[PDB]
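Report on the structure given below.
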Amino acid sequence: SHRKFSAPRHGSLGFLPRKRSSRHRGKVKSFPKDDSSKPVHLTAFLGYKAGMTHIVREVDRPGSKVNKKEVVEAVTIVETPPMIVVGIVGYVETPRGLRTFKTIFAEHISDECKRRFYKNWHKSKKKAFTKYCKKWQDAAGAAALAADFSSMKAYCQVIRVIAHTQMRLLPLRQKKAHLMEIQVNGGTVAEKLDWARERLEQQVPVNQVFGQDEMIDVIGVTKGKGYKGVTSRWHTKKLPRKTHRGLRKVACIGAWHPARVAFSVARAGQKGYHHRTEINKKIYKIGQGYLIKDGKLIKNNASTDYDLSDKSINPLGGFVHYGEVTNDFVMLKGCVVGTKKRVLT
Amino acid sequence: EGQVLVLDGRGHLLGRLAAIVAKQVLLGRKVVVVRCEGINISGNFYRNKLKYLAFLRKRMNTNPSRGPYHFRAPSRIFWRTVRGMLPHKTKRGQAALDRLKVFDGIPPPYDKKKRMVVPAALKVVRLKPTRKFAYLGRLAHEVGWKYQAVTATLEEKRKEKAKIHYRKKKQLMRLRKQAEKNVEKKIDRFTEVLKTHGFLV
Amino acid sequence: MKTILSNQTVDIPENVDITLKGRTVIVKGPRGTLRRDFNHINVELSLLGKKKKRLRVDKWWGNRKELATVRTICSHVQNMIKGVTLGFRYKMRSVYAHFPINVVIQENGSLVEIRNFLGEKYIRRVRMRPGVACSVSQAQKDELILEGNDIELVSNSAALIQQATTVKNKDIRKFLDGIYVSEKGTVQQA
RNA sequence: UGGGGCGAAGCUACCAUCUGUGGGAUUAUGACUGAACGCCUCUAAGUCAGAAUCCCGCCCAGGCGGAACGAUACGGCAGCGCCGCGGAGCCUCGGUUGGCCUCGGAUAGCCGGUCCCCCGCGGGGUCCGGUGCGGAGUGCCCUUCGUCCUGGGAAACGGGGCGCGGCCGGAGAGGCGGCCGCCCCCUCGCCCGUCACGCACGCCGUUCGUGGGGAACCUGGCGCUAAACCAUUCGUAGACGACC
RNA sequence: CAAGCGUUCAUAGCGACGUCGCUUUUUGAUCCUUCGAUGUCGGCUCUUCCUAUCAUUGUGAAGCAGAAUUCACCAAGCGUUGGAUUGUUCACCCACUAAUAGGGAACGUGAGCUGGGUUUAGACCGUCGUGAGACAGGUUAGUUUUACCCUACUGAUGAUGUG
RNA sequence: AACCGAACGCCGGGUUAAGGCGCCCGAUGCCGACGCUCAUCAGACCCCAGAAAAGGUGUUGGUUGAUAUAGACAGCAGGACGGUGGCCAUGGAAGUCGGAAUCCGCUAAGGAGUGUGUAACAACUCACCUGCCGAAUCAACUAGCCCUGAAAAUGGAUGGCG
Ligand SMILES: [Mg+2]
Ligand SMILES: [Mg+2]
Ligand SMILES: [Mg+2]
Ligand SMILES: [Mg+2]
Ligand SMILES: [Mg+2]
Ligand SMILES: [Mg+2]
Ligand SMILES: [Mg+2]
Ligand SMILES: [Mg+2]
Ligand SMILES: [Mg+2]
Ligand SMILES: [Mg+2]
Ligand SMILES: [Mg+2]
Ligand SMILES: [Mg+2]
Ligand SMILES: [Mg+2]
Ligand SMILES: [Mg+2]
Ligand SMILES: [Mg+2]
Ligand SMILES: [Mg+2]
Ligand SMILES: [Mg+2]
């Protein structure tokens with residue numbers, strides 16, 4: 001017999017191998033469509049979550065009840081010091097998918113970047129990238145990187161730029177940088193390459209990638225919550241106070257005919273630590289780190305022109321539960337996925 | 001015959017071909033069907049789309065990741081149809097399928113090999129000219145390929161290339177024929193003995 | 001019953017020069033050149049008349065339903081000839097009670113721009129097909145002129161704006177407004 | 001948890017806050033051209049518009065599915081990768097010339113040649129001339145298959161030394177070609193003489209792709225010179241396991 | 001099919017006398033399976049499917065001017081609520097809306113619950129019985145097991161393969 | 001189970017029944033006949049495992065009746081009148097809500113009317129009859145094949161593949 005009294009399902013399936021994520025720096029899954037006409041830019045970056053705050057903006061939505069009123073918007077602040085480009089990488093299109101030719105990273109490399117290779121390192125001899133580098137100065141420094149780029153010019157189509165974060169600058173206890181390919185959505189390969197050629201080894205800050213008031217999408221991993229019963233996980237009903245064996249459950253899993261519990265019935269399971277792509281968040285402010293020309297500029301952070309104090313976004317006693325944001329943040333409308341200190345793509 | 005087979009899927013009939021492939025796979029002969037986008041089907045476009053979409057609804061309710069795999073690439077689609085004509089539960093049937101091999105477009109090694117055509121699965125022969133149809137390419141697209149565009153642009157790139165070879169090969173034959181005439185009185189009593197027992201007339 | 005033969009000759013004028021690539025007829029006269037493929041219909045197109053006087057379409061081992069088509073090819077060919085000699089002109093007269101349908105062509109032909117049909121704020125836009133030169137008439141009040149060589153192309157394009165202009169959730173017995181075709185003719189008449 | 005105010009941290013609530021994103025095929029339907037059916041016709045051959053549909057895209061998982069590139073065990077005893085070229089021996093098998101290429105049309109094609117014309121040795125065009133139950137035919141082409149003698153003719157610079165360096169071209173999942181110097185060596189396809197090769201005394205797995213695939217060990221040259229896991233710590237995570 | 005209604009007019013909408021079907025959400029027949037007993041009514045929760053479309057998208061109808069409305073097509077994409085009474089399924093009313101469509105899955109779902117009703121043993125009235133006692137005639141009290149085992153599913157380690 | 005053939009010591013060869021013969025899967029890897037149909041739900045075998053009245057110029061055959069070089073059919077042009085507010089009905093019905101009826105002239109041919117519609121006309125149209133064209137045309141039945149009628153619940157079965 002039918003359900004007497006209809007209702008929506010509890011919690012979407014288009015979402016549902018609700019497992020502990022296999023990765024942790026939010027992997028970008030789709031890089032925007034490179035229209036070959038507009039200039040070369042990077043399409044992504046890699047900040048990290050600090051904390052949050054009361055922003056007060058004047059509004060300009062003619063028609064609304066709040067035309068020209070003050071409102072407070074809750075905002076995150078994403079600590080985003082500049083990212084170094086180490087290596088470039090070329091993808092060719094195929095019937096079978098999108099295979100990768102030729103990864104080439106720089107002479108030099110870094111040391112934080114090294115970290116994101118050999119698991120336990122104080123044990124290691126730190127040998128990574130020691131015979132690669134040797135190529136950035138000889139006769140075979142002209143073969144396998146020159147004939148190579150010529151190759152990546154010829155047959156290749158889509159070019160990303162491997163870039164490692166500067167972990168050192170942060171208050172995190174972490175020293176292990178966050179490498180990621182960031183696609184270049186430029187105009188034409190070669191132009192989209194004699195450029196990455198040039199930005200090897202080189203600082204890349206947030207004001208290249210991003211503009212203040214661009215809608216962006218944040219890609220990161222949900223804040224962890226352990227095993228949860230069905231009522232916390234799938235957010236179901238509770239059964240009444242009477243029930244002999246547990247009231248934080250689902251009564252009926254299935255009909256004693258499709259003789260399997262289904263796909264799509266509510267269950268106990270890992271909640272949180274899930275990968276998630278949140279979209280279309282606004283940038284309220286692109287920041288600037290407190291740098292020196294004489295004696296600090298803490299001012300150049302939270303000092304809007306309509307108040308002109310000398311604040312840093314750092315509240316009194318840090319962003320509780322990591323620390324002080326000492327370089328370029330981006331201030332994002334509302335809340336973003338993930339806990340504090342979290343790598344946020 | 002012996003050795004590896006290469007069949008050029010274009011202009012064939014999806015299952016009519018696959019029955020012939022599958023017979024020879026079971027006789028130990030290695031077949032390689034190529035260019036499966038080109039493979040075509042009797043009945044009008046939509047008919048077989050509608051018939052495919054019927055497939056896609058067939059799906060193991062209690063978990064679908066177990067349930068039937070409705071592969072979308074024509075290679076894969078055809079494989080399926082060949083496979084249904086093998087006894088693939090058993091060891092000889094899986095050992096059979098391994099002798100098959102199937103591509104969308106026409107790849108390395110197989111660009112570079114001459115390649116054959118089953119007239120008894122060939123559309124112009126098997127069908128009437130006043131009847132309608134799908135290309136498994138377009139069918140495959142509207143069902144969830146991602147790679148009709150790519151395997152187009154690559155095949156156009158291959159065609160342009162292959163044309164060069166065809167033209168250079170064309171130019172060697174013109175040399176052969178001119179060099180027969182430029183030496184036809186010290187091979188004029190060998191060519192004799194050719195044309196006498198049939199060869200070369 | 002299969003009919004051994006059916007055929008038809010199109011009488012081609014002295015102006016035009018058709019030249020058929022196998023089955024594909026191309027036609028060039030004064031106005032321009034048209035092309036069309038009968039790579040479906042399956043017939044034998046001969047150009048028997050010397051100097052150049054006859055297209056003859058055969059059909060040959062054909063049953064009833066393909067015998068039909070002898071005459072249809074024969075038509076799209078006359079219909080080309082009239083197009084490349086004379087050229088067609090569909091006129092379409094806007095119609096109303098009240099809100100003046102307010103047309104404005106906007107590259108050359110191409111964009112036919114329609115404010116105010118029935119007080120509607122949404123400005124309907126309509127593309128023409130290639131080779132179809134729309135233009136607002138004169139010597140008459142609410143009246144477009146769609147000029148082109150190709151019947152096929154000229155009459156989708158009539159119909160596109162004739163159908164873009166349709167009322168909804170009313171009596172279309174009563175609400176007799178929109179733009180619609182009044183006169184299918186030619187540019188030059190002879 | 002003696003009681004109760006207030007209460008950081010942490011969980012957590014349309015009880016606070018933030019964010020929910022795009023294409024394609026077309027149904028019904030509406031249409032264009034237009035046949036049957038010397039008219040009319042949404043259709044018989046052709047087209048067009050068309051959605052909470054369907055499929056896809058963003059989104060989530062990620063294969064007895066692949067990618068790229070890092071480093072490759074100094075040693076106190078180690079063990080290997082190449083490269084080449086050397087000697088035995090478990091085993092697991094299938095095979096027993098190759099074919100090195102257009103595109104597609106099918107009530108049509110193939111090729112030649114352009115005198116002529118346009119484009120980038122090529123491509124396109126036009127004219128003519130041949131083939132088209134196809135003879136620069138997958139009914140297809142090629143290459144040979146007992147050995148060497150030597151002493152004529154026909155044929156004469158062909159081939160070789162894992163002969164040796166350089167420049168190409170080829171990337172869809174290349175794995176292959178191609179094209180240039182120099183050393184030494186050899187003189188082979190077809191006719192013929194002319195002799196020869198254990199002639200095993202009618203007998204079977206004969207012949208090769210075979211320096212197969214893989215698993216164990218005897219020579220030289222050049223390079224090499226760890227990471228992983230545990231323990232510890234941290235928590236970004238928690239049952240334990242897993243992870244940062 | 002079709003006699004009628006519909007001012008007129010068969011067939012916008014309807015439609016008699018007849019007649020051809022489906023359907024298994026109604027009850028019957030039947031007695032094929034189970035009596036070394038498959039938990040026997042309702043409610044809650046929770047999935048999924050069907051369409052026999054109540055809403056909404058796109059459409060064709062009307063006796064469609066608008067407004068409002070019914071007929072029908074693709075169509076099952078997302079909807080179908082809060083209560084008073086009632087063991088109830090079933091009902092009726094208030095209320096909201098956009099709708100308050102209809103159904104299936106062992107008459108979906110007792111090692112999910114509850115146990116209100118059925119349907120033990122205690123009791124009470126009605127009637128019948130001479131009586132023990134009977135009564136789809138009323139009424140109040142009445143123990144609701146066991147998961148560790150294979151499976152499905154949800155997560156979690158992992159696995160041969162890639163030196 | 002129960003249909004069809006066929007009744008079974010254990011084997012080699014040959015041969016068959018009922019069945020089959022793209023491939024699963026043995027056999028058509030006949031240069032097999034002659035047909036019919038294209039299904040936006042095809043069809044595809046005695047039980048047995050699906051449909052009906054009823055539809056259906058979807059196409060193919062008949063059957064019968066028609067029409068016509070005195071030149072039809074179809075197409076484009078002209079008339080479609082008068083005797084005549086004919087009679088009943090008046091509420092209007094002069095051809096026309098309805099009916100008895102109900103026939104001549106001009107004839108060419110025009111029904112005292114098929115309809116639109118009009119309160120009634122008109123105005124329009126249709127029978128009838130002409131003008132223009134050139135040879136086959138039309139109607140009712142009846143069958144063959146397909147289309148519709150045709151709507152169900154874990155996903156989906158000519159056996160599957162096709
Ligand atoms: Mg419901
Ligand atoms: Mg209890
Ligand atoms: Mg209305
Ligand atoms: Mg569309
Ligand atoms: Mg249509
Ligand atoms: Mg369209
Ligand atoms: Mg009546
Ligand atoms: Mg039991
Ligand atoms: Mg329906
Ligand atoms: Mg209640
Ligand atoms: Mg039940
Ligand atoms: Mg129980
Ligand atoms: Mg149960
Ligand atoms: Mg009780
Ligand atoms: Mg009792
Ligand atoms: Mg008493
Ligand atoms: Mg008594």
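Can you name every residue in segment B:137-155 that is surrounded by 13 or more Cβ atoms within 10 Å (Cβ to Cβ), within 14 Å of chain A (Cβ to nearest Cβ) and assigned to a helix (DSSP H, G or I)? Scanning segment B:137-155 gives B:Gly137, B:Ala140, B:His141, B:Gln148, B:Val150, B:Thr151, B:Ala152, B:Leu154, B:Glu155. Exactly one residue among A:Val71, A:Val59, A:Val89 is closer than 30 Å to A:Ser303 by Cβ, near RNA strand D (Cβ under 9 Å from one of its atoms), in contact (Cβ under 8 Å) with a residue 12 or more places away in the chain and surrounded by 10 or more Cβ atoms within 10 Å (Cβ to Cβ), and that residue is A:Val71. Residues of segment A:125-135 include none that is under 27 Å from A:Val343 (Cα atoms), of a type outside the set (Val, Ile, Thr) and touching a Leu at 6+ places or on another chain (Cβ under 6 Å). Annotation: of all residues in segment C:1-40 being closer than 17 Å to C:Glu152 by Cβ and aliphatic (A, V, I, L, M), the one that is surrounded by the fewest Cβ atoms within 10 Å (Cβ to Cβ) is C:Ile26.
Quick test of your reading of the structure: A:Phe101 fulfils all but one of (1) of a type in the set (A, V, I, L, M, F, W, C); (2) more than 9 Å from RNA strand D (Cβ to nearest atom); (3) touching a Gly at 6+ places or on another chain (Cβ under 6 Å). Name the failing condition by number. Checking A:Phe101 against (1) of a type in the set (A, V, I, L, M, F, W, C); (2) more than 9 Å from RNA strand D (Cβ to nearest atom); (3) touching a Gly at 6+ places or on another chain (Cβ under 6 Å), the one that fails is (2).
If the condition is being more than 30 Å from A:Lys153 (Cα to Cα) and β-branched (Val, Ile, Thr), then segment A:43-93 contributes A:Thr53, A:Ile55, A:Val56, A:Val59, A:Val66, A:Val71, A:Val72, A:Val75, A:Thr76, A:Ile77, A:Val78, A:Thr80.
Each row is one residue, and each column tells you yes or no for (1) under 23 Å from A:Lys27 (Cα atoms); (2) in contact with a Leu (Cβ under 6 Å, 6 or more places away or on another chain).
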| residue | (1), (2) |
| --- | --- |
| A:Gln157 | yes, no |
| A:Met167 | yes, no |
| A:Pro171 | no, no |
| A:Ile182 | yes, yes |
| A:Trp195 | no, no |
| A:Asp217 | yes, no |
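Among the residues making up segment A:36-66, none is assigned to a loop (DSSP other than H, G, I, E, B), charged (D, E, K, R) and under 18 Å from A:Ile216 (Cα atoms). Among the residues of segment A:289-308, none qualifies, meaning not one is closer than 21 Å to A:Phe15 by Cβ, of a type outside the set (S, T, N, Q) and touching a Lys or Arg at 6+ places or on another chain (Cβ under 8 Å).
For segment C:20-36, which residues satisfy the criterion of being among the β-branched types (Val, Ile, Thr) and touching a residue at least 24 places away in the same chain (Cβ under 8 Å)?
C:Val25, C:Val27, C:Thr33, listed by residue number.
The set of residues from segment A:62-89 being within 25 Å of A:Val343 (Cβ to Cβ) and of a type in the set (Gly, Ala, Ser) comprises A:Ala74, A:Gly87. Within the bounds of segment C:139-152, is there any residue that is more than 30 Å from C:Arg173 (Cβ to Cβ), buried (at least 16 other Cβ atoms within 10 Å of the Cβ), touching a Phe, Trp or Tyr at 6+ places or on another chain (Cβ under 8 Å) and β-branched (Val, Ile, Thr)? Checked segment C:139-152: at least one residue is more than 30 Å from C:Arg173 (Cβ to Cβ), buried (at least 16 other Cβ atoms within 10 Å of the Cβ), touching a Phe, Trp or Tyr at 6+ places or on another chain (Cβ under 8 Å) and β-branched (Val, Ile, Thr). Restricting to segment B:120-136, and then to whatever is of a type in the set (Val, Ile, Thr) and within 14 Å of chain C (Cβ to nearest Cβ), can you tell me which residue is nearest to C:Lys65 (Cα to Cα)? Across segment B:120-136, the extreme among qualifying residues is B:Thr130. Inclusion of B:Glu160 among residues that are more than 14 Å from every other protein chain (Cβ to nearest Cβ), without any contact (Cβ under 8 Å) to a residue 24 or more places away in the chain and under 21 Å from the mean Cα position of the chain (by Cα) is warranted.
Residues in segment C:53-68 include none that are more than 14 Å from chain B (Cβ to nearest Cβ), touching a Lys or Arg at 6+ places or on another chain (Cβ under 8 Å) and closer than 14 Å to C:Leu5 by Cα. Residues considered: A:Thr103, A:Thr43, A:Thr94. Of these, the only one that is away from ligand 1 (no atom under 16 Å from the Cβ), touching a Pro at 6+ places or on another chain (Cβ under 7 Å) and within 30 Å of A:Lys135 (Cβ to Cβ) is A:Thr43.
Just to be sure, is A:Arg267 within 14 Å of chain B (Cβ to nearest Cβ) and more than 16 Å from ligand 3 (Cβ to nearest atom)?
Yes; evaluated as a whole, the condition is true for this residue.
The helices (runs of 4 or more DSSP H) located wholly in segment A:191-274 that include 1 or more residues which are under 20 Å from A:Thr80 (Cα atoms) and of a type outside the set (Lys, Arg) occupy A:206-209. Elements of the type helices (runs of 4 or more DSSP H) sitting completely within segment B:1-118 and holding at least 2 residues that are farther than 27 Å from B:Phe133 by Cα and away from chain A (no Cβ under 14 Å): these cover B:14-25, B:91-99.
Any read-out appearing in this document is the output of simple, stated calculations on the displayed coordinates, not a laboratory observation. Backbone-built Cβ (ideal geometry, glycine too); neighbour counts: all protein chains shown.
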